[PDB]
Structures are given as structure tokens and as C-alpha cells.
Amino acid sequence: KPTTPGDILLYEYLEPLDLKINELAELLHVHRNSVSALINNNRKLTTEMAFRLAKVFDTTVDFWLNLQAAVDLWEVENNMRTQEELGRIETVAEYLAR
């Protein structure tokens, strides 16, 4: 699995800065449970939470959203059931014609 926003948050900010999850939650103005879920990759990053992270850490909102975007695509590429389905989808071309 690609690097999640949670991975980046824990390994490149929290640990290097000696910052606790509860301190971050306070800085972000969200419940501790929301930060932990993000870090354990249990909840996808929302646009709103991306803005909060951008604020606290002084980055663009894009930076956080792109990490989530790459993970999202990875999840669909690796779901074989979904891939098989995309396999028999007929395009608007073959259709409009026939």
C-alpha cells in the first residue's frame, strides 16, 4: 500500500517534532479519535481535515489530498472483483452504434 496521509503525519511530523496525538487534535480542533483513525488508516482523509492539516503544518491542501488520491486509486486497482467488472463494461461507443 502507498504512503497514506496518516503515515506522513506520524513519521514525518509527529515523531520528528515530539508531538503527541492529543496535542495535534487540540491544534486541529477535532476529537482525538479522528486523528488516530487517520493515522491508523481507518478513515479516509476529508477535504476539511486536509485544510486543518494544511493550517497546522503550513503546507498546501493539495499536498495532503494527493497522498489520499494515490491511495484511493491503489485500492480500486487492487480490488479484483471491481477490476473484473470494469472488464465487461461496454463503452458509449459500442453502444450508441449498436
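Throughout, we count residues from 1 along the sequence that is shown.
Segment of higher mean CA temperature factor, 38-46 or 67-75: According to the PDB entry, the answer is 38-46.
Segment of higher mean CA temperature factor, 27-35 or 49-57: Averaging CA B-factors over each stretch, the winner is 27-35.
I89 CA temperature factor, ranked by third within the chain: Ranked within chain, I89 CA B lands in the highest tercile.
Within-chain third of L14 by Cα B-factor, per the entry: According to the entry, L14 has a C-alpha B-factor in the chain's middle third.
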